[PDB]
$ cat my_file.cif   # mmCIF, C-alpha atoms; chains and numbers go by the auth columns
data_target
loop_
_atom_site.group_PDB
_atom_site.id
_atom_site.type_symbol
_atom_site.label_atom_id
_atom_site.label_comp_id
_atom_site.label_asym_id
_atom_site.label_seq_id
_atom_site.Cartn_x
_atom_site.Cartn_y
_atom_site.Cartn_z
_atom_site.B_iso_or_equiv
_atom_site.auth_seq_id
_atom_site.auth_asym_id
ATOM 1 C CA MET A 1 112.622 123.959 89.778 0.00 1 E
ATOM 2 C CA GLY A 2 110.554 122.463 86.940 0.00 2 E
ATOM 3 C CA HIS A 3 110.732 125.297 84.378 0.00 3 E
ATOM 4 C CA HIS A 4 107.557 125.407 82.248 0.00 4 E
ATOM 5 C CA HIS A 5 109.105 124.983 78.773 0.00 5 E
ATOM 6 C CA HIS A 6 105.734 125.527 76.989 0.00 6 E
ATOM 7 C CA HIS A 7 106.269 129.324 76.814 0.00 7 E
ATOM 8 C CA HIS A 8 110.035 129.339 76.070 0.00 8 E
ATOM 9 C CA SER A 9 112.502 129.483 73.131 0.00 9 E
ATOM 10 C CA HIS A 10 109.911 131.676 71.331 0.00 10 E
ATOM 11 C CA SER A 11 110.505 134.890 69.345 0.00 11 E
ATOM 12 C CA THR A 12 108.760 137.673 67.400 0.00 12 E
ATOM 13 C CA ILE A 13 107.998 136.719 63.775 0.00 13 E
ATOM 14 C CA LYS A 14 107.589 139.354 61.003 0.00 14 E
ATOM 15 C CA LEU A 15 103.955 139.869 59.868 0.00 15 E
ATOM 16 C CA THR A 16 103.349 141.920 56.691 0.00 16 E
ATOM 17 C CA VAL A 17 99.724 143.034 57.167 0.00 17 E
ATOM 18 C CA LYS A 18 98.169 144.865 54.187 0.00 18 E
ATOM 19 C CA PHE A 19 95.600 147.562 55.032 0.00 19 E
ATOM 20 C CA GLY A 20 94.363 147.662 51.427 0.00 20 E
ATOM 21 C CA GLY A 21 97.104 149.979 50.131 0.00 21 E
ATOM 22 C CA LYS A 22 99.188 150.220 53.338 0.00 22 E
ATOM 23 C CA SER A 23 101.724 147.443 54.094 0.00 23 E
ATOM 24 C CA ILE A 24 102.328 147.361 57.879 0.00 24 E
ATOM 25 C CA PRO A 25 105.410 145.386 59.151 0.00 25 E
ATOM 26 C CA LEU A 26 104.638 143.784 62.562 0.00 26 E
ATOM 27 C CA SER A 27 106.439 141.423 64.983 0.00 27 E
ATOM 28 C CA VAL A 28 104.478 139.135 67.352 0.00 28 E
ATOM 29 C CA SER A 29 104.906 135.777 69.158 0.00 29 E
ATOM 30 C CA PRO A 30 103.316 132.447 67.974 0.00 30 E
ATOM 31 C CA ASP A 31 101.684 132.335 71.451 0.00 31 E
ATOM 32 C CA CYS A 32 99.212 135.028 70.288 0.00 32 E
ATOM 33 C CA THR A 33 95.958 134.384 68.380 0.00 33 E
ATOM 34 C CA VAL A 34 94.698 136.183 65.251 0.00 34 E
ATOM 35 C CA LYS A 35 92.028 137.540 67.637 0.00 35 E
ATOM 36 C CA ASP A 36 94.819 138.813 69.921 0.00 36 E
ATOM 37 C CA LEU A 37 96.131 140.635 66.814 0.00 37 E
ATOM 38 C CA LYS A 38 92.693 142.261 66.306 0.00 38 E
ATOM 39 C CA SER A 39 92.907 143.515 69.928 0.00 39 E
ATOM 40 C CA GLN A 40 96.524 144.741 69.496 0.00 40 E
ATOM 41 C CA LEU A 41 95.881 146.600 66.209 0.00 41 E
ATOM 42 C CA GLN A 42 92.501 148.117 67.260 0.00 42 E
ATOM 43 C CA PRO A 43 94.022 150.943 69.501 0.00 43 E
ATOM 44 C CA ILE A 44 96.695 151.524 66.815 0.00 44 E
ATOM 45 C CA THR A 45 94.705 151.618 63.542 0.00 45 E
ATOM 46 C CA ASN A 46 91.303 152.410 65.147 0.00 46 E
ATOM 47 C CA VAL A 47 89.401 149.915 62.935 0.00 47 E
ATOM 48 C CA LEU A 48 86.745 147.486 64.313 0.00 48 E
ATOM 49 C CA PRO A 49 88.177 143.992 65.205 0.00 49 E
ATOM 50 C CA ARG A 50 85.109 142.392 63.557 0.00 50 E
ATOM 51 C CA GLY A 51 85.967 144.189 60.305 0.00 51 E
ATOM 52 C CA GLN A 52 89.671 143.274 60.540 0.00 52 E
ATOM 53 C CA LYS A 53 89.455 140.153 58.327 0.00 53 E
ATOM 54 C CA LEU A 54 92.852 138.376 58.352 0.00 54 E
ATOM 55 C CA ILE A 55 93.192 136.277 55.165 0.00 55 E
ATOM 56 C CA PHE A 56 96.285 134.078 54.559 0.00 56 E
ATOM 57 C CA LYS A 57 96.762 131.185 52.053 0.00 57 E
ATOM 58 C CA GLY A 58 93.501 132.513 50.590 0.00 58 E
ATOM 59 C CA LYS A 59 92.034 131.313 53.903 0.00 59 E
ATOM 60 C CA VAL A 60 90.347 133.527 56.525 0.00 60 E
ATOM 61 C CA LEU A 61 91.716 132.913 60.050 0.00 61 E
ATOM 62 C CA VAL A 62 89.486 132.108 63.057 0.00 62 E
ATOM 63 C CA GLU A 63 89.620 133.794 66.512 0.00 63 E
ATOM 64 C CA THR A 64 90.810 130.464 68.050 0.00 64 E
ATOM 65 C CA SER A 65 93.721 130.014 65.585 0.00 65 E
ATOM 66 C CA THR A 66 97.210 131.130 66.714 0.00 66 E
ATOM 67 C CA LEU A 67 99.999 132.302 64.348 0.00 67 E
ATOM 68 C CA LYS A 68 101.179 128.658 64.332 0.00 68 E
ATOM 69 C CA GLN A 69 97.623 127.327 63.773 0.00 69 E
ATOM 70 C CA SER A 70 97.202 129.963 61.021 0.00 70 E
ATOM 71 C CA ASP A 71 100.263 128.726 59.056 0.00 71 E
ATOM 72 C CA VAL A 72 101.872 132.160 59.692 0.00 72 E
ATOM 73 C CA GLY A 73 105.663 132.634 59.842 0.00 73 E
ATOM 74 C CA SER A 74 108.352 135.356 59.746 0.00 74 E
ATOM 75 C CA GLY A 75 107.817 137.044 56.368 0.00 75 E
ATOM 76 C CA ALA A 76 104.155 136.023 55.949 0.00 76 E
ATOM 77 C CA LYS A 77 102.045 138.246 53.660 0.00 77 E
ATOM 78 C CA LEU A 78 98.738 138.797 55.511 0.00 78 E
ATOM 79 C CA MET A 79 95.863 140.274 53.469 0.00 79 E
ATOM 80 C CA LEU A 80 93.635 142.386 55.749 0.00 80 E
ATOM 81 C CA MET A 81 90.159 143.172 54.369 0.00 81 E
ATOM 82 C CA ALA A 82 89.617 146.393 56.365 0.00 82 E
ATOM 83 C CA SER A 83 88.473 150.019 55.884 0.00 83 E
ATOM 84 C CA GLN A 84 90.901 152.929 55.345 0.00 84 E
ATOM 85 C CA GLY A 85 87.980 155.205 54.382 0.00 85 E
#
$ encode --input "my_file.cif" --output "structure tokens"
Amino acid sequence: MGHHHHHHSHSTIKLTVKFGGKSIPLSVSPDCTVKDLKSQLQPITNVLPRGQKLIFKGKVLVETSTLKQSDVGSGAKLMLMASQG
């Protein structure tokens, strides 16, 4: 059978997401988008996905950009302009 090798040989990379003064160690697949991250973190941190501004390389990431398209890798320091209160 022709195995679809598009979604294979992948793994969970380490994302260091900074909630202002809280560094949160995450692990996701490069298949996901930075928007997908907003959706994953929303039920966990309870902060609006619109407010969750992911900023890496001094560059804000777009909903369409995946971890690969966002230059993100295992050990990437992601600045998150969010609200802790």
$ resolve_selection --input "my_file.cif" --expression "the PyMOL selection byres ((chain E and resi 31) around 12)" --output "PDB file with C-alpha atoms, in the frame of the given file"
ATOM      1  CA  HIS E   6     105.734 125.527  76.989  1.00  0.00           C
ATOM      2  CA  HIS E   7     106.269 129.324  76.814  1.00  0.00           C
ATOM      3  CA  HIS E   8     110.035 129.339  76.070  1.00  0.00           C
ATOM      4  CA  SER E   9     112.502 129.483  73.131  1.00  0.00           C
ATOM      5  CA  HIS E  10     109.911 131.676  71.331  1.00  0.00           C
ATOM      6  CA  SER E  11     110.505 134.890  69.345  1.00  0.00           C
ATOM      7  CA  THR E  12     108.760 137.673  67.400  1.00  0.00           C
ATOM      8  CA  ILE E  13     107.998 136.719  63.775  1.00  0.00           C
ATOM      9  CA  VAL E  28     104.478 139.135  67.352  1.00  0.00           C
ATOM     10  CA  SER E  29     104.906 135.777  69.158  1.00  0.00           C
ATOM     11  CA  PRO E  30     103.316 132.447  67.974  1.00  0.00           C
ATOM     12  CA  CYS E  32      99.212 135.028  70.288  1.00  0.00           C
ATOM     13  CA  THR E  33      95.958 134.384  68.380  1.00  0.00           C
ATOM     14  CA  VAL E  34      94.698 136.183  65.251  1.00  0.00           C
ATOM     15  CA  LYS E  35      92.028 137.540  67.637  1.00  0.00           C
ATOM     16  CA  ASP E  36      94.819 138.813  69.921  1.00  0.00           C
ATOM     17  CA  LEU E  37      96.131 140.635  66.814  1.00  0.00           C
ATOM     18  CA  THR E  64      90.810 130.464  68.050  1.00  0.00           C
ATOM     19  CA  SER E  65      93.721 130.014  65.585  1.00  0.00           C
ATOM     20  CA  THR E  66      97.210 131.130  66.714  1.00  0.00           C
ATOM     21  CA  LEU E  67      99.999 132.302  64.348  1.00  0.00           C
ATOM     22  CA  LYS E  68     101.179 128.658  64.332  1.00  0.00           C
ATOM     23  CA  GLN E  69      97.623 127.327  63.773  1.00  0.00           C
ATOM     24  CA  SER E  70      97.202 129.963  61.021  1.00  0.00           C
ATOM     25  CA  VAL E  72     101.872 132.160  59.692  1.00  0.00           C
TER      26      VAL E  72
END
$ closest_residue --input "my_file.cif" --among "E:54, E:60, E:15, E:1" --to "residue E:74" --atoms "all atoms listed in the file"
E:15
$ resolve_selection --input "my_file.cif" --expression "the PyMOL selection byres ((chain E and resi 82) around 8)" --output "list in words"
residues 19, 20, 47, 51, 52, 53, 80, 81, 83 and 84 of chain E
$ write_last_selection --input "my_file.cif" --atoms "C-alpha atoms" --output "CSV table (one decimal), in the frame of the given file"
chain,number,residue,atom,x,y,z
E,19,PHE,CA,95.6,147.6,55.0
E,20,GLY,CA,94.4,147.7,51.4
E,47,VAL,CA,89.4,149.9,62.9
E,51,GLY,CA,86.0,144.2,60.3
E,52,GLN,CA,89.7,143.3,60.5
E,53,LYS,CA,89.5,140.2,58.3
E,80,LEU,CA,93.6,142.4,55.7
E,81,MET,CA,90.2,143.2,54.4
E,83,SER,CA,88.5,150.0,55.9
E,84,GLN,CA,90.9,152.9,55.3
$ atom_distance --input "my_file.cif" --atom1 "atom CA of residue E:27" --atom2 "atom CA of residue E:62"
19.4 Å
$ atom_distance --input "my_file.cif" --atom1 "atom CA of residue E:79" --atom2 "atom CA of residue E:17"
6.0 Å
$ atom_distance --input "my_file.cif" --atom1 "atom CA of residue E:38" --atom2 "atom CA of residue E:73"
17.4 Å
$ decode --input "my_file.cif" --residues "stretch 21-51 of chain E" --atoms "N, CA, C and O atoms" --output "short mmCIF file (atom, residue, chain, number, x, y, z; two decimals), in the first residue's frame"
data_model
loop_
_atom_site.label_atom_id
_atom_site.label_comp_id
_atom_site.auth_asym_id
_atom_site.auth_seq_id
_atom_site.Cartn_x
_atom_site.Cartn_y
_atom_site.Cartn_z
N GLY E 21 5.61 36.75 32.58
CA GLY E 21 6.56 36.30 33.60
C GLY E 21 6.47 34.81 33.89
O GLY E 21 7.03 34.32 34.88
N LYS E 22 5.74 34.07 33.06
CA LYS E 22 5.61 32.61 33.21
C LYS E 22 6.12 31.87 31.97
O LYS E 22 5.50 31.93 30.91
N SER E 23 7.24 31.18 32.10
CA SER E 23 7.79 30.37 30.99
C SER E 23 7.15 28.98 30.96
O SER E 23 7.34 28.18 31.88
N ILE E 24 6.38 28.70 29.91
CA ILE E 24 5.66 27.43 29.78
C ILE E 24 6.31 26.50 28.73
O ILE E 24 6.27 26.79 27.53
N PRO E 25 6.93 25.38 29.17
CA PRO E 25 7.51 24.39 28.25
C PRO E 25 6.44 23.51 27.57
O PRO E 25 5.71 22.77 28.24
N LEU E 26 6.36 23.59 26.24
CA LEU E 26 5.38 22.81 25.46
C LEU E 26 6.08 21.83 24.51
O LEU E 26 7.29 21.89 24.31
N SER E 27 5.30 20.93 23.91
CA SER E 27 5.82 20.00 22.90
C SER E 27 4.75 19.66 21.85
O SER E 27 3.82 18.91 22.11
N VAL E 28 4.90 20.24 20.65
CA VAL E 28 3.92 20.03 19.57
C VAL E 28 4.61 19.57 18.27
O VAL E 28 5.83 19.58 18.16
N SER E 29 3.80 19.17 17.28
CA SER E 29 4.32 18.71 15.99
C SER E 29 4.36 19.85 14.96
O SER E 29 3.50 20.73 14.96
N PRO E 30 5.36 19.85 14.04
CA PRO E 30 5.46 20.87 12.98
C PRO E 30 4.27 20.87 12.01
O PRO E 30 4.14 21.76 11.16
N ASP E 31 3.39 19.87 12.13
CA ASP E 31 2.16 19.81 11.34
C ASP E 31 1.16 20.90 11.79
O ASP E 31 0.34 21.37 11.00
N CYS E 32 1.24 21.28 13.06
CA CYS E 32 0.32 22.28 13.63
C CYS E 32 0.64 23.70 13.17
O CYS E 32 1.77 24.00 12.75
N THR E 33 -0.35 24.58 13.24
CA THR E 33 -0.16 26.01 12.95
C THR E 33 -0.10 26.82 14.25
O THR E 33 -0.52 26.34 15.30
N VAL E 34 0.42 28.04 14.18
CA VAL E 34 0.43 28.92 15.36
C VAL E 34 -1.00 29.24 15.81
O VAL E 34 -1.25 29.56 16.98
N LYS E 35 -1.95 29.15 14.88
CA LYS E 35 -3.38 29.27 15.20
C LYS E 35 -3.84 28.03 15.98
O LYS E 35 -4.57 28.14 16.96
N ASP E 36 -3.40 26.85 15.53
CA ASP E 36 -3.68 25.60 16.22
C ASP E 36 -3.21 25.68 17.69
O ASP E 36 -3.89 25.22 18.61
N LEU E 37 -2.04 26.28 17.89
CA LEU E 37 -1.51 26.56 19.23
C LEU E 37 -2.48 27.42 20.05
O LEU E 37 -2.77 27.10 21.20
N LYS E 38 -2.96 28.51 19.45
CA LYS E 38 -3.96 29.38 20.11
C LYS E 38 -5.15 28.54 20.61
O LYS E 38 -5.62 28.71 21.74
N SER E 39 -5.63 27.63 19.75
CA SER E 39 -6.76 26.76 20.09
C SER E 39 -6.41 25.73 21.18
O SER E 39 -7.24 25.39 22.01
N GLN E 40 -5.17 25.23 21.16
CA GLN E 40 -4.71 24.26 22.17
C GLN E 40 -4.55 24.92 23.55
O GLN E 40 -4.98 24.37 24.57
N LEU E 41 -3.93 26.10 23.58
CA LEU E 41 -3.65 26.80 24.83
C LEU E 41 -4.91 27.45 25.45
O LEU E 41 -5.00 27.56 26.67
N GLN E 42 -5.87 27.85 24.61
CA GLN E 42 -7.07 28.56 25.10
C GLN E 42 -7.78 27.83 26.28
O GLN E 42 -8.03 28.46 27.31
N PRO E 43 -8.11 26.52 26.17
CA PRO E 43 -8.76 25.78 27.28
C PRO E 43 -7.83 25.56 28.48
O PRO E 43 -8.28 25.24 29.59
N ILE E 44 -6.53 25.73 28.27
CA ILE E 44 -5.53 25.51 29.31
C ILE E 44 -5.27 26.80 30.12
O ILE E 44 -5.34 26.80 31.35
N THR E 45 -4.97 27.88 29.42
CA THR E 45 -4.60 29.16 30.05
C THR E 45 -5.81 30.10 30.19
O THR E 45 -5.79 31.02 31.01
N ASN E 46 -6.85 29.85 29.40
CA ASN E 46 -8.12 30.61 29.46
C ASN E 46 -7.96 32.06 28.99
O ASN E 46 -8.72 32.95 29.40
N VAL E 47 -7.00 32.30 28.10
CA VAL E 47 -6.81 33.63 27.50
C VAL E 47 -7.23 33.64 26.01
O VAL E 47 -6.97 32.69 25.27
N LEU E 48 -7.90 34.72 25.59
CA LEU E 48 -8.42 34.85 24.21
C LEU E 48 -7.34 34.58 23.14
O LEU E 48 -6.24 35.13 23.19
N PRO E 49 -7.66 33.73 22.13
CA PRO E 49 -6.72 33.39 21.04
C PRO E 49 -6.29 34.62 20.22
O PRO E 49 -5.18 34.67 19.69
N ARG E 50 -7.19 35.60 20.12
CA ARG E 50 -6.88 36.87 19.44
C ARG E 50 -5.80 37.65 20.19
O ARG E 50 -4.93 38.28 19.59
N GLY E 51 -5.86 37.59 21.53
CA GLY E 51 -4.88 38.27 22.37
C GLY E 51 -3.55 37.53 22.45
O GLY E 51 -2.51 38.14 22.66
#
